[PDB]
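Input: a single structure, listed below in structure tokens.
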Amino acid sequence: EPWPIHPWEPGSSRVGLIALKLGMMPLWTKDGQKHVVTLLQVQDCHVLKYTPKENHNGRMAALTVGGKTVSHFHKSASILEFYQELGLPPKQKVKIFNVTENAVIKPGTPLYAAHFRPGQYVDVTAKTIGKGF
Amino acid sequence: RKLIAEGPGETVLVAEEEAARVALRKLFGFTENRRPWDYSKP
Amino acid sequence: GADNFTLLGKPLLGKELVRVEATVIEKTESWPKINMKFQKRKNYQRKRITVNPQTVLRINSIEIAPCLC
Amino acid sequence: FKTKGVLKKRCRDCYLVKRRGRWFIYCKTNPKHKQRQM
Amino acid sequence: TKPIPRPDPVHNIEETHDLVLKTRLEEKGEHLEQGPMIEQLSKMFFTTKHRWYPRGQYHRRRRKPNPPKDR
Amino acid sequence: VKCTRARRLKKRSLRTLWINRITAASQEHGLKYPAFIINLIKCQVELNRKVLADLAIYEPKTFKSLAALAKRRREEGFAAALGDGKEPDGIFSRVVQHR
Amino acid sequence: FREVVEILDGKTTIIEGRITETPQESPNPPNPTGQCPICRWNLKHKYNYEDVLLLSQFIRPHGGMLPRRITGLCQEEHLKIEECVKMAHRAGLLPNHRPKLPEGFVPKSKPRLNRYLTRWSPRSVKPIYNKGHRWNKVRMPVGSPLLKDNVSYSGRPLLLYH
Amino acid sequence: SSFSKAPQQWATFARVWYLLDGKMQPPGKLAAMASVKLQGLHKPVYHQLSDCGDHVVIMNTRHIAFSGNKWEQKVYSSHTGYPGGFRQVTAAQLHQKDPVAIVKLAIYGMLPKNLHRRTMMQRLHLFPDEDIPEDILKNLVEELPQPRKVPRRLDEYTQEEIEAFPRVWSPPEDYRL
RNA sequence: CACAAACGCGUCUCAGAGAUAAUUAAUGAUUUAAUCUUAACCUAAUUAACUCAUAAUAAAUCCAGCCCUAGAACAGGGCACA
Ligand code: FES
Ligand SMILES: [K+]
Ligand SMILES: [Mg+2]
Ligand SMILES: [Mg+2]
Ligand SMILES: [Mg+2]
Ligand SMILES: [Mg+2]
Ligand SMILES: [Zn+2]
């Protein structure tokens with residue numbers, strides 16, 4: 001029983017993913033040029049909670065996405081209790097995505113790397129390498 | 001429909017009791033405007 | 001004046017209209033008050049203590065005569 | 001234009017006009033007569 | 001004058017949880033840290049947050065235990 | 001040194017405080033402080049600002065009468081100026097001299 | 001009042017003027033011996049920009065002002081009336097004296113900022129970035145010096161520069 | 001008043017909420033009366049040490065009317081601290097971005113410059129339009145009069161007023177308007 | 001480059017809307033001509049700043065011990081299948 005799906009409209013935003021960075025590989029194009037690609041793997045991605053438009057920003061709704069599976073024994077009581085109601089194992093990292101009202105996803109819906117089709121341009125946000133003081 | 005006493009207070013329940021306090025003082029002739037006690041030589 | 005009336009003077013009320021009586025209680029001296037004057041880098045200090053005599057009065061009764069033109 | 005202090009008409013076709021809070025000498029026949037009060 | 005709003009917390013003051021078990025006076029508490037506590041009080045009394053913090057021993061000790069009282 | 005200088009300023013500060021209270025209680029009746037004082041002196045009422053402040057706080061009814069007296073006196077002063085100046089002095093504007 | 005009518009009827013243009021009945025001056029003025037209309041009704045030094053009922057009798061239907069020759073006002077008063085009309089328009093009063101342009105009303109702009117007693121025009125004043133201290137202070141003008149002769153019931157002079 | 005000692009003190013030092021309309025009212029005249037209420041300079045029991053103070057609610061702050069050409073001449077300037085961070089904003093620009101900034105800054109500069117200014121500014125409630133939460137509305141007591149009499153436009157005059165005002169002059173019949 | 005990393009000489013990415021100054025043009029009155037207007041209404045072409053859309057940050061209250069591409073200390077991320 002998923003939430004209703006609406007047709008695409010101009011100015012709509014989709015839902016991103018949380019992936020794990022494996023490494024780098026070289027890649028060549030049909031014109032002979034050489035490019036370097038980074039292997040990003042989606043291990044466990046599930047939408048966690050949905051926030052209404054007027055309670056998060058007032059312009060776009062917020063969809064919560066979790067990270068890879070982690071052990072129950074090293075999480076807080078509230079975090080474990082929150083996932084127990086949903087029925088999913090604890091996640092490592094949780095990020096907030098700004099999504100329009102026409103692209104809302106029912107929480108608990110799994111997501112895969114097929115969410116992105118080749119030929120699209122995507123952004124990447126993560127903590128850089130810490131070099132200390 | 002004639003006013004006899006009026007009292008303030010933190011809440012309505014406390015103010016209402018204070019209204020009765022002012023009413024009793026006026027009825028018993030023990031207000032703060034009463035004639036001062038006489039101390040002159042009799 | 002009272003709750004329902006008040007009498008003004010121009011600028012004083014006659015002695016036949018209102019009578020006020022007071023009783024003397026205490027004839028004492030005030031606490032030591034300090035008066036000091038100082039000027040910078042001129043070596044001038046003056047310290048004196050003032051003890052002002054004081055009197056405490058008790059007002060007993062205020063009466064209003066019913067004579068009023 | 002020519003930023004000047006006092007405005008004078010170099011030829012009889014120059015006409016005064018106040019625009020943007022300042023007086024401008026605008027000329028049609030000779031563009032070199034354009035003057036601007038500072 | 002307007003009539004007295006007597007039954008304003010009519011059901012809030014006296015609420016029966018159930019008709020089979022005795023009512024419970026369970027006053028739930030969160031005991032927020034010093035941070036969230038001050039900002040809750042300041043918004044409650046329409047004041048700032050700088051005066052709700054305590055003071056040192058020096059200021060506490062020099063307060064007069066028995067201030068003079070008139071009237 | 002600060003004790004003596006503040007003692008001199010103690011009289012000034014309390015006088016300033018009284019005027020604020022008198023102005024506050026006079027604005028409540030729709031009459032400014034400058035109009036409340038000069039139009040009260042013209043009635044030969046010699047009350048200092050100390051007792052007027054006390055009447056403002058502890059005598060709300062009496063202070064209204066004094067404010068009412070000042071407003072009535074002020075309206076009489078304008079009437080004479082508006083007229084030819086030969087009008088007899090107002091019923092409240094008559095000057096009584098003790099001698 | 002006269003109006004011009006131009007009609008196109010089959011490659012033939014006809015232009016004619018028609019006379020419309022004009023309201024006349026009120027019968028009894030308080031000062032019959034006056035010269036200019038302002039001082040004839042004892043309105044000298046007694047009008048301001050608020051007096052719409054007076055400024056609406058010396059302006060064209062499209063916001064312009066009638067020439068001094070037709071009205072008969074003196075030069076001193078004509079400039080004062082001219083200044084008041086400019087201040088009245090900027091103040092938001094006189095809404096029916098603007099030209100009609102159906103195409104321009106649809107594309108609305110930023111909401112109008114309420115103003116009054118504007119001496120200059122909104123598009124010809126520059127921000128006072130360097131105000132200055134009290135001994136050399138750049139004061140923002142309010143009102144016009146041409147209205148400093150108006151009667152002051154309070155008696156205090158009007159503060160034109162503040 | 002024959003009140004008991006506790007309720008008598010509470011009534012004397014009560015807090016009173018005021019409502020102040022701002023439809024076509026200069027911020028300076030709006031701030032002058034608002035500053036008095038915040039300090040408590042209208043209570044004959046006023047004293048700086050005492051915490052006497054009254055809430056003030058100002059509505060319709062987007063429709064304030066700056067006198068003269070102050071909409072384009074007066075500038076509000078601030079410095080972010082970092083080098084090259086000196087920003088000067090025209091009065092028109094600031095009102096276009098923050099509707100309540102003009103009124104708030106006017107009051108914020110007229111209150112006494114002591115440490116109580118921060119405390120007494122928290123009691124000031126500003127709203128761009130007549131959209132006030134029900135909680136604030138139930139606290140109000142009285143509405144202060146507008147300091148400036150709003151002039152009426154030509155279309156607001158009734159036909160009775162138009163006929164009452166005399167026609168000053170008689171235009172010629174042959175002139176084209 | 002004698003550490004599982006660091007590093008450049010190597011590789012990758014880098015943006016929309018509003019808004020303006022001088023100046024240019026339309027309509028038009030004081031001055032029934034004309035005239036870009038510290039005359040009104042509407043409207044047009046137009047420097048850079050600047051402002052903002054937008055993006056980043058987001059879970060109150062396991063934490064002894066061990067590990068860490070996290071780190072001066074203190075913090076932070078892992079320790080179920082590894
Ligand atoms: S001639 Fe008297 S006001 Fe014009
Ligand atoms: K011209
Ligand atoms: Mg490191
Ligand atoms: Mg023309
Ligand atoms: Mg932003
Ligand atoms: Mg940890
Ligand atoms: Zn020329």
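Each chain in the structure tokens gets a letter, A, B and so on, in the order shown; residues start at 1 in every chain, and ligands are counted from 1 in the order they appear.
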Could you give me the residues within 8 Å of ligand 3, counting only C-alpha atoms (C1' of nucleotides) and all ligand atoms, as a VMD selection string? (chain A and resid 129 to 132) or (chain I and resid 69 to 71)
Put those residues in a file: N, CA, C and O atoms (P, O5', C5', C4', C3', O3' and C1' of nucleotides), as a PDB file, in the first residue's frame.
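The new file part.pdb reads:
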ATOM      1  N   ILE A 129      38.778  14.625   3.990  1.00  0.00           N
ATOM      2  CA  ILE A 129      39.818  13.964   4.770  1.00  0.00           C
ATOM      3  C   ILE A 129      40.361  14.943   5.801  1.00  0.00           C
ATOM      4  O   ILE A 129      40.877  16.012   5.453  1.00  0.00           O
ATOM      5  N   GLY A 130      40.260  14.577   7.074  1.00  0.00           N
ATOM      6  CA  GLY A 130      40.753  15.426   8.140  1.00  0.00           C
ATOM      7  C   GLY A 130      42.248  15.306   8.334  1.00  0.00           C
ATOM      8  O   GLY A 130      42.760  14.215   8.599  1.00  0.00           O
ATOM      9  N   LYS A 131      42.962  16.421   8.201  1.00  0.00           N
ATOM     10  CA  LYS A 131      44.411  16.443   8.326  1.00  0.00           C
ATOM     11  C   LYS A 131      44.878  16.975   9.674  1.00  0.00           C
ATOM     12  O   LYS A 131      46.073  17.236   9.844  1.00  0.00           O
ATOM     13  N   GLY A 132      43.971  17.142  10.632  1.00  0.00           N
ATOM     14  CA  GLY A 132      44.367  17.579  11.954  1.00  0.00           C
ATOM     15  C   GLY A 132      44.708  19.061  12.018  1.00  0.00           C
ATOM     16  O   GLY A 132      44.277  19.874  11.199  1.00  0.00           O
TER      17      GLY A 132
ATOM     18  P     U I  69      44.282   5.405  11.178  1.00  0.00           P
ATOM     19  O5'   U I  69      44.023   6.419   9.982  1.00  0.00           O
ATOM     20  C5'   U I  69      42.807   7.144   9.886  1.00  0.00           C
ATOM     21  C4'   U I  69      42.586   7.626   8.476  1.00  0.00           C
ATOM     22  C3'   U I  69      41.264   8.323   8.193  1.00  0.00           C
ATOM     23  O3'   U I  69      41.268   9.683   8.593  1.00  0.00           O
ATOM     24  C1'   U I  69      41.715   6.732   6.495  1.00  0.00           C
ATOM     25  P     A I  70      39.931  10.571   8.500  1.00  0.00           P
ATOM     26  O5'   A I  70      39.640  11.000  10.004  1.00  0.00           O
ATOM     27  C5'   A I  70      38.457  11.712  10.337  1.00  0.00           C
ATOM     28  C4'   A I  70      38.385  12.007  11.812  1.00  0.00           C
ATOM     29  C3'   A I  70      39.625  12.640  12.421  1.00  0.00           C
ATOM     30  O3'   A I  70      39.706  14.035  12.198  1.00  0.00           O
ATOM     31  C1'   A I  70      38.911  10.855  13.785  1.00  0.00           C
ATOM     32  P     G I  71      41.143  14.733  12.038  1.00  0.00           P
ATOM     33  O5'   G I  71      41.716  14.761  13.522  1.00  0.00           O
ATOM     34  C5'   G I  71      41.040  15.476  14.543  1.00  0.00           C
ATOM     35  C4'   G I  71      41.552  15.101  15.908  1.00  0.00           C
ATOM     36  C3'   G I  71      43.004  15.443  16.189  1.00  0.00           C
ATOM     37  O3'   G I  71      43.190  16.796  16.559  1.00  0.00           O
ATOM     38  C1'   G I  71      42.574  13.226  16.871  1.00  0.00           C
TER      39        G I  71
END
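Using only C-alpha atoms (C1' of nucleotides) and all ligand atoms as the basis for the distance check, residues found within 10 Å of ligand 5 are residues 51, 52, 53, 54 and 55 of chain I.
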Would you save the residues from that selection as a PDB file, in the first residue's frame, using N, CA and C atoms (P, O5', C5', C4', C3', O3' and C1' of nucleotides)?
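And here's again39.pdb as it stands now:
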ATOM      1  P     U I  51      25.162  41.299   0.913  1.00  0.00           P
ATOM      2  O5'   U I  51      23.645  40.938   0.592  1.00  0.00           O
ATOM      3  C5'   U I  51      22.580  41.649   1.204  1.00  0.00           C
ATOM      4  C4'   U I  51      21.270  41.388   0.505  1.00  0.00           C
ATOM      5  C3'   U I  51      20.830  39.934   0.433  1.00  0.00           C
ATOM      6  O3'   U I  51      20.219  39.470   1.624  1.00  0.00           O
ATOM      7  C1'   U I  51      20.624  40.912  -1.700  1.00  0.00           C
ATOM      8  P     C I  52      20.464  37.961   2.119  1.00  0.00           P
ATOM      9  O5'   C I  52      19.654  37.071   1.074  1.00  0.00           O
ATOM     10  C5'   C I  52      18.235  37.106   1.039  1.00  0.00           C
ATOM     11  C4'   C I  52      17.687  36.570  -0.262  1.00  0.00           C
ATOM     12  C3'   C I  52      17.866  35.081  -0.515  1.00  0.00           C
ATOM     13  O3'   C I  52      16.917  34.283   0.171  1.00  0.00           O
ATOM     14  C1'   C I  52      18.444  36.286  -2.461  1.00  0.00           C
ATOM     15  P     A I  53      17.192  32.716   0.397  1.00  0.00           P
ATOM     16  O5'   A I  53      16.786  32.048  -0.992  1.00  0.00           O
ATOM     17  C5'   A I  53      15.462  32.160  -1.492  1.00  0.00           C
ATOM     18  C4'   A I  53      15.369  31.725  -2.934  1.00  0.00           C
ATOM     19  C3'   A I  53      15.684  30.265  -3.216  1.00  0.00           C
ATOM     20  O3'   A I  53      14.592  29.404  -2.942  1.00  0.00           O
ATOM     21  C1'   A I  53      16.806  31.632  -4.783  1.00  0.00           C
ATOM     22  P     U I  54      14.758  28.186  -1.909  1.00  0.00           P
ATOM     23  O5'   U I  54      16.042  27.404  -2.430  1.00  0.00           O
ATOM     24  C5'   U I  54      16.018  26.704  -3.664  1.00  0.00           C
ATOM     25  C4'   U I  54      17.412  26.392  -4.147  1.00  0.00           C
ATOM     26  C3'   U I  54      18.265  25.554  -3.210  1.00  0.00           C
ATOM     27  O3'   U I  54      17.980  24.169  -3.296  1.00  0.00           O
ATOM     28  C1'   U I  54      19.521  27.401  -3.975  1.00  0.00           C
ATOM     29  P     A I  55      17.971  23.266  -1.968  1.00  0.00           P
ATOM     30  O5'   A I  55      19.509  22.963  -1.700  1.00  0.00           O
ATOM     31  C5'   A I  55      20.296  22.297  -2.675  1.00  0.00           C
ATOM     32  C4'   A I  55      21.765  22.386  -2.354  1.00  0.00           C
ATOM     33  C3'   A I  55      22.159  22.007  -0.937  1.00  0.00           C
ATOM     34  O3'   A I  55      22.245  20.607  -0.737  1.00  0.00           O
ATOM     35  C1'   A I  55      23.212  24.030  -1.520  1.00  0.00           C
TER      36        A I  55
END
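With the cut-off set to 7 Å and only C-alpha atoms counted, chain B residues close to chain H are residues 7, 8, 9, 22, 31 and 32 of chain B.
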Closest to chain I among G:6, G:50, G:103, G:21, using only C-alpha atoms (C1' of nucleotides)?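 Checking each of G:6, G:50, G:103, G:21 against chain I, counting only C-alpha atoms (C1' of nucleotides), the winner is G:103.
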Close residues, region 18-32 of chain D itself excluded, 12 Å, only C-alpha atoms (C1' of nucleotides), min 2 positions apart in chain, as a PyMOL selection string: (chain D and resi 1-16+34-38) or (chain G and resi 119-126) or (chain I and resi 21-23+35-39)
Proximal residues of chain E relative to chain H (only C-alpha atoms; 9 Å) as a list in words: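 Residues passing the distance filter: residues 43, 46, 47 and 48 of chain E.
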Using backbone DSSP assignments, extract all strand (DSSP E or B) residues from chain C; output them as a PyMOL selection string. chain C and resi 18-29+33-39+44-50+53-64
At a cut-off of 8 Å, which residues of chain G touch chain H? Count only C-alpha atoms and give the answer as a VMD selection string. chain G and resid 1 to 3 19 to 26 37 to 38 41 50 52 to 54 57 60 to 61 70 to 71 92 to 96 113 to 122 125 to 129 140 to 143
Writer output for current selection, N, CA and C atoms, as a tab-separated table (two decimals), in the first residue's frame:
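Wrote selection_13.tsv, looks like this:
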chain	number	residue	atom	x	y	z
G	1	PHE	N	-16.62	74.05	-20.95
G	1	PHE	CA	-15.45	73.31	-21.40
G	1	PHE	C	-15.65	72.80	-22.82
G	2	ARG	N	-14.56	72.76	-23.59
G	2	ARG	CA	-14.59	72.34	-24.98
G	2	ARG	C	-13.82	71.04	-25.14
G	3	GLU	N	-14.33	70.16	-26.00
G	3	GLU	CA	-13.68	68.89	-26.28
G	3	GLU	C	-13.60	68.68	-27.79
G	19	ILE	N	-19.00	72.20	-27.16
G	19	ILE	CA	-18.95	72.96	-25.92
G	19	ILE	C	-19.77	72.23	-24.86
G	20	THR	N	-19.15	71.97	-23.71
G	20	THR	CA	-19.81	71.34	-22.58
G	20	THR	C	-20.05	72.39	-21.50
G	21	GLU	N	-21.22	72.31	-20.86
G	21	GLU	CA	-21.57	73.27	-19.82
G	21	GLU	C	-20.54	73.24	-18.69
G	22	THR	N	-20.16	74.43	-18.23
G	22	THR	CA	-19.10	74.57	-17.24
G	22	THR	C	-19.65	75.10	-15.93
G	23	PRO	N	-19.30	74.49	-14.79
G	23	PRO	CA	-19.70	75.05	-13.50
G	23	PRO	C	-19.09	76.43	-13.29
G	24	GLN	N	-19.85	77.31	-12.65
G	24	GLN	CA	-19.46	78.69	-12.46
G	24	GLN	C	-19.03	78.93	-11.02
G	25	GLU	N	-18.44	80.10	-10.80
G	25	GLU	CA	-18.00	80.49	-9.47
G	25	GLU	C	-19.19	80.66	-8.53
G	26	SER	N	-18.96	80.40	-7.25
G	26	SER	CA	-20.01	80.56	-6.26
G	26	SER	C	-20.43	82.03	-6.19
G	37	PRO	N	-8.05	84.73	-7.19
G	37	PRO	CA	-9.10	83.90	-6.58
G	37	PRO	C	-8.77	83.39	-5.18
G	38	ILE	N	-7.49	83.15	-4.88
G	38	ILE	CA	-7.12	82.62	-3.57
G	38	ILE	C	-7.45	83.64	-2.48
G	41	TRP	N	-11.38	84.59	-1.49
G	41	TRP	CA	-12.16	83.78	-0.57
G	41	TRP	C	-11.50	83.65	0.80
G	50	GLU	N	-2.96	68.90	2.08
G	50	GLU	CA	-4.10	68.05	2.41
G	50	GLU	C	-5.39	68.55	1.76
G	52	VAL	N	-7.46	68.81	-0.65
G	52	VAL	CA	-7.72	68.27	-1.99
G	52	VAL	C	-8.85	69.05	-2.66
G	53	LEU	N	-9.86	69.46	-1.89
G	53	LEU	CA	-10.99	70.18	-2.47
G	53	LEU	C	-10.58	71.49	-3.12
G	54	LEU	N	-9.45	72.07	-2.71
G	54	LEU	CA	-8.95	73.29	-3.33
G	54	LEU	C	-8.02	73.00	-4.50
G	57	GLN	N	-9.39	72.02	-8.23
G	57	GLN	CA	-10.02	73.00	-9.09
G	57	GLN	C	-9.02	73.76	-9.95
G	60	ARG	N	-5.69	69.76	-14.47
G	60	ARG	CA	-6.30	69.14	-15.63
G	60	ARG	C	-6.83	67.75	-15.27
G	61	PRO	N	-7.72	67.19	-16.09
G	61	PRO	CA	-8.22	65.83	-15.81
G	61	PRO	C	-7.14	64.76	-15.85
G	70	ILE	N	-5.18	81.47	-17.47
G	70	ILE	CA	-6.59	81.09	-17.43
G	70	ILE	C	-7.16	81.25	-16.02
G	71	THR	N	-6.42	80.77	-15.02
G	71	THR	CA	-6.93	80.80	-13.65
G	71	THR	C	-6.99	82.22	-13.11
G	92	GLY	N	-0.06	60.22	-2.65
G	92	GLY	CA	-1.05	59.20	-2.89
G	92	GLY	C	-2.46	59.72	-3.08
G	93	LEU	N	-2.70	60.99	-2.79
G	93	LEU	CA	-4.01	61.58	-3.02
G	93	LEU	C	-4.24	61.77	-4.52
G	94	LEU	N	-5.46	62.17	-4.86
G	94	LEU	CA	-5.87	62.39	-6.24
G	94	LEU	C	-5.64	61.13	-7.08
G	95	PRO	N	-6.38	60.05	-6.84
G	95	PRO	CA	-6.15	58.83	-7.62
G	95	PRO	C	-6.85	58.81	-8.97
G	96	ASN	N	-7.84	59.67	-9.19
G	96	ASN	CA	-8.59	59.68	-10.44
G	96	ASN	C	-8.00	60.62	-11.48
G	113	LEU	N	5.07	52.63	-1.60
G	113	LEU	CA	5.48	53.03	-0.26
G	113	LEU	C	4.79	54.34	0.09
G	114	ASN	N	4.00	54.33	1.16
G	114	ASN	CA	3.27	55.52	1.55
G	114	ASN	C	4.23	56.64	1.94
G	115	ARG	N	3.92	57.85	1.48
G	115	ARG	CA	4.77	59.01	1.72
G	115	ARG	C	3.91	60.26	1.75
G	116	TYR	N	4.45	61.32	2.33
G	116	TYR	CA	3.78	62.61	2.33
G	116	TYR	C	4.83	63.70	2.54
G	117	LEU	N	4.47	64.92	2.13
G	117	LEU	CA	5.34	66.09	2.27
G	117	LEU	C	6.69	65.86	1.60
G	118	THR	N	6.67	65.27	0.41
G	118	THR	CA	7.89	65.00	-0.35
G	118	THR	C	8.23	66.22	-1.19
G	119	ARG	N	9.33	66.90	-0.84
G	119	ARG	CA	9.73	68.09	-1.59
G	119	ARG	C	10.24	67.72	-2.98
G	120	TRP	N	11.14	66.75	-3.06
G	120	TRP	CA	11.75	66.37	-4.32
G	120	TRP	C	10.95	65.23	-4.96
G	121	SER	N	11.50	64.65	-6.01
G	121	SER	CA	10.91	63.51	-6.70
G	121	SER	C	11.61	62.23	-6.27
G	122	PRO	N	10.89	61.10	-6.26
G	122	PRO	CA	11.49	59.86	-5.76
G	122	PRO	C	12.71	59.40	-6.53
G	125	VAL	N	16.79	61.69	-5.86
G	125	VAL	CA	17.47	61.87	-4.59
G	125	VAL	C	18.42	60.71	-4.37
G	126	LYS	N	19.64	61.02	-3.94
G	126	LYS	CA	20.66	60.01	-3.70
G	126	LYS	C	20.80	59.73	-2.21
G	127	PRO	N	21.12	58.50	-1.82
G	127	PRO	CA	21.25	58.18	-0.40
G	127	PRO	C	22.32	59.03	0.26
G	128	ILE	N	22.08	59.39	1.52
G	128	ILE	CA	23.05	60.16	2.32
G	128	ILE	C	23.93	59.13	3.01
G	129	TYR	N	24.98	58.70	2.30
G	129	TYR	CA	25.88	57.69	2.87
G	129	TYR	C	26.71	58.27	4.01
G	140	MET	N	17.67	66.06	5.86
G	140	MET	CA	16.74	65.64	4.82
G	140	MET	C	15.57	66.62	4.74
G	141	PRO	N	15.32	67.23	3.58
G	141	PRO	CA	14.24	68.22	3.50
G	141	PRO	C	12.87	67.57	3.58
G	142	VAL	N	11.95	68.26	4.24
G	142	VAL	CA	10.55	67.85	4.35
G	142	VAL	C	9.67	69.07	4.10
G	143	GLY	N	8.70	68.92	3.21
G	143	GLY	CA	7.87	70.06	2.86
G	143	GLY	C	8.63	71.02	1.95
Would you list the contacts of residue 48 (chain F) as JSON, numbers by chain, taking every protein, DNA or RNA residue within 12 Å and counting only C-alpha atoms (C1' of nucleotides), but skipping same-chain residues closer than 3 positions in sequence? {"F": [15, 18, 19, 22, 37, 40, 41, 45, 51, 52, 53, 54, 55]}
Could you list, as an MDAnalysis selection string, all protein and nucleic acid residues with an atom at most 8 Å from ligand 1, counting only C-alpha atoms (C1' of nucleotides) and all ligand atoms? chainID G and resid 34:40 43:44 73:78
Go ahead and write the selection's residues with N, CA, C and O atoms as an mmCIF file, in the first residue's frame.
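The resulting file, result27.cif, is reproduced below:
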data_model
loop_
_atom_site.group_PDB
_atom_site.id
_atom_site.type_symbol
_atom_site.label_atom_id
_atom_site.label_comp_id
_atom_site.auth_asym_id
_atom_site.auth_seq_id
_atom_site.Cartn_x
_atom_site.Cartn_y
_atom_site.Cartn_z
ATOM 1 N N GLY G 34 -11.223 91.395 -3.730
ATOM 2 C CA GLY G 34 -9.950 90.761 -3.996
ATOM 3 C C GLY G 34 -9.647 90.674 -5.477
ATOM 4 O O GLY G 34 -10.524 90.774 -6.336
ATOM 5 N N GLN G 35 -8.362 90.480 -5.777
ATOM 6 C CA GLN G 35 -7.891 90.385 -7.155
ATOM 7 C C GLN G 35 -7.774 88.936 -7.614
ATOM 8 O O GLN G 35 -8.472 88.515 -8.542
ATOM 9 N N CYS G 36 -6.918 88.158 -6.965
ATOM 10 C CA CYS G 36 -6.691 86.768 -7.321
ATOM 11 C C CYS G 36 -7.678 85.870 -6.588
ATOM 12 O O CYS G 36 -8.128 86.196 -5.486
ATOM 13 N N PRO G 37 -8.055 84.735 -7.188
ATOM 14 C CA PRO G 37 -9.101 83.896 -6.577
ATOM 15 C C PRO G 37 -8.765 83.395 -5.183
ATOM 16 O O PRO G 37 -9.679 83.220 -4.369
ATOM 17 N N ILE G 38 -7.488 83.147 -4.884
ATOM 18 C CA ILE G 38 -7.123 82.624 -3.571
ATOM 19 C C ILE G 38 -7.447 83.636 -2.479
ATOM 20 O O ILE G 38 -8.083 83.304 -1.473
ATOM 21 N N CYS G 39 -7.022 84.888 -2.659
ATOM 22 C CA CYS G 39 -7.267 85.903 -1.644
ATOM 23 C C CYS G 39 -8.675 86.473 -1.707
ATOM 24 O O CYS G 39 -9.055 87.243 -0.818
ATOM 25 N N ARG G 40 -9.452 86.119 -2.729
ATOM 26 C CA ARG G 40 -10.834 86.574 -2.811
ATOM 27 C C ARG G 40 -11.732 85.832 -1.832
ATOM 28 O O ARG G 40 -12.742 86.384 -1.382
ATOM 29 N N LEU G 43 -8.634 82.624 1.529
ATOM 30 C CA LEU G 43 -7.853 81.399 1.583
ATOM 31 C C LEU G 43 -6.356 81.668 1.619
ATOM 32 O O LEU G 43 -5.563 80.728 1.513
ATOM 33 N N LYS G 44 -5.954 82.928 1.760
ATOM 34 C CA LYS G 44 -4.540 83.268 1.789
ATOM 35 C C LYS G 44 -3.889 82.707 3.047
ATOM 36 O O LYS G 44 -4.375 82.929 4.161
ATOM 37 N N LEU G 73 -4.566 83.415 -10.961
ATOM 38 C CA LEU G 73 -3.864 83.482 -9.689
ATOM 39 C C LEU G 73 -2.647 84.390 -9.797
ATOM 40 O O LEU G 73 -2.057 84.554 -10.867
ATOM 41 N N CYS G 74 -2.278 84.992 -8.672
ATOM 42 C CA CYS G 74 -1.049 85.766 -8.629
ATOM 43 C C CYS G 74 0.158 84.835 -8.698
ATOM 44 O O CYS G 74 0.072 83.638 -8.412
ATOM 45 N N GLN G 75 1.297 85.404 -9.097
ATOM 46 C CA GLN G 75 2.501 84.599 -9.282
ATOM 47 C C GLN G 75 2.947 83.961 -7.973
ATOM 48 O O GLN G 75 3.397 82.809 -7.957
ATOM 49 N N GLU G 76 2.839 84.696 -6.864
ATOM 50 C CA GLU G 76 3.258 84.152 -5.576
ATOM 51 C C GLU G 76 2.421 82.942 -5.187
ATOM 52 O O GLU G 76 2.957 81.931 -4.718
ATOM 53 N N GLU G 77 1.102 83.022 -5.374
ATOM 54 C CA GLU G 77 0.237 81.909 -5.006
ATOM 55 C C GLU G 77 0.291 80.776 -6.019
ATOM 56 O O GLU G 77 0.124 79.610 -5.646
ATOM 57 N N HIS G 78 0.515 81.094 -7.297
ATOM 58 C CA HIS G 78 0.533 80.056 -8.322
ATOM 59 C C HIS G 78 1.655 79.058 -8.078
ATOM 60 O O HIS G 78 1.465 77.848 -8.244
#
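The protein and nucleic acid residues lying at most 7 Å from region 101-108 of chain H are residues 27, 28, 31, 35 and 95 of chain H, with only C-alpha atoms (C1' of nucleotides) considered and sequence neighbours fewer than 6 positions away removed.
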Store the residues picked out above, limited to N, CA, C and O atoms, as a CSV table (one decimal), in the first residue's frame.
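Writing done, so here's selection.csv:
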chain,number,residue,atom,x,y,z
H,27,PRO,N,7.2,56.0,11.5
H,27,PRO,CA,7.8,55.2,12.6
H,27,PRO,C,8.3,56.0,13.8
H,27,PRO,O,8.2,55.5,14.9
H,28,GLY,N,8.7,57.3,13.5
H,28,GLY,CA,9.2,58.1,14.6
H,28,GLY,C,8.1,58.4,15.6
H,28,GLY,O,8.2,58.3,16.8
H,31,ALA,N,7.2,55.2,17.4
H,31,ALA,CA,8.2,54.8,18.4
H,31,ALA,C,8.1,55.7,19.6
H,31,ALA,O,8.4,55.2,20.7
H,35,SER,N,7.9,53.8,23.0
H,35,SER,CA,9.0,53.8,23.9
H,35,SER,C,8.5,54.1,25.4
H,35,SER,O,9.1,53.6,26.3
H,95,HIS,N,13.2,48.1,4.1
H,95,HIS,CA,11.7,47.8,4.3
H,95,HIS,C,11.2,46.8,3.3
H,95,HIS,O,10.3,46.1,3.6
